[PDB]
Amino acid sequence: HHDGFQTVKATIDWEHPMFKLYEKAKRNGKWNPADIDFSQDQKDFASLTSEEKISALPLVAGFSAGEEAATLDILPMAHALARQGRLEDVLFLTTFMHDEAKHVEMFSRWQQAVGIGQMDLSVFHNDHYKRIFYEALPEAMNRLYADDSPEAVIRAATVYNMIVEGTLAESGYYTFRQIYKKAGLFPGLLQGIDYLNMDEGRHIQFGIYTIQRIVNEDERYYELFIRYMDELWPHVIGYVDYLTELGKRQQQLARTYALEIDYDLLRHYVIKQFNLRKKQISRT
C-alpha cells in the first residue's frame, strides 16, 4: 500500500542531485536510434571479406547482450529505491531505463542493417563474459527485491554502474573509436557509440551518487565497494584478454585499413578505467 504521496503532501525536491540529473537527461537525451543512417555501414560491411567481417562482431556481440541485460536488470534498482521513497531517484531512473532501451535498439538496428541479424552472436561470449552478464549482474540486481540493505545496494551499483558501465562499456566505446573510427568504417554505428557514451556519463554518475551516499553513512561500506570491484576484475580482464586474443588472430582488417591496433594500449585503458572508477568513491 501507499501511505501517501510526496507530490501531494509537498513537492518534488527540486534541488535533489538526481532531480538535476533527471533534468539533464531530458535535455541531453533526445536522440532516436531510428534516425541513424546505417546505409553506409551496410556498404562497408558488404565490402569486407569474410575474415574482416568477423573482426567486428565480438565487440558488437558483447555490447548487444550488455545493453539487453542493462535494460532488464535496472528494474530492481528502480523498485528498491521506489520502495524507500526516493522519488527523485525514480524519476531519473525512468530516463536511465529508456536510455538502455535505445541502446539495445541501436545495436540491433545495426545488426539488421548490415545483414547479420540472423547470425547467432553468442559464440563470442566466453566463460568470463557469462559470469558477469548472464550471472553476477542479474543476481546482484534481483537481490534487491528481497534485500535492499546498504550492502546489497552498494553491490548492485558496483556491478552494474562501476564495472559493467564504468569499466567495460567505457572501454568498449574507446576501443570502437580506436579501431573503426580510425579506419573510417561504420559511421552510423559510431554515431550510435557517441550517443551511448553521452548517456553513459549520467548512468555512471547515478552509480557514483548511490554508492557515495551509502558510504557517507558508514565509511565501513567503502571497503565493501573496493572488495566487490576487485572480485569482478578477473572476469573483466578475462573477457578483455579473450577479445584481445581474437583480435590478434584476426589481423586482416587492421592490415587492409593500415591500423596499428595497440591492444596493449587497450588493455591499459581498461585497467585505467577500473582504477579511476575506484577513485571516484571517497571513504569520507
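Residue positions are given as counts along the sequence shown, with the first one as 1.
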On average, which has the higher Cα B-factor in the deposited entry, 190-198 or 175-183? 175-183
Averaging C-alpha B-factors over each stretch, which comes out higher, 121-129 or 80-88? 121-129
Based on what the PDB entry reports, which of 35, 52, 41, 68 has the top C-alpha B-factor? 52
Once the chain's modelled residues are ordered by C-alpha B factor and cut into thirds, is residue 275 in the lowest, middle or highest one? highest
Could you tell me which third, lowest, middle or highest, the C-alpha B-factor of residue 239 occupies within its chain? middle
Ranked against its chain, the third holding the CA B-factor of residue 257: highest
If you rank every modelled residue in this chain by C-alpha B factor, which third holds residue 266: lowest, middle or highest? highest
Can you work out whether the C-alpha temperature factor of residue 221 puts it in the lowest, middle or highest third of the chain? highest
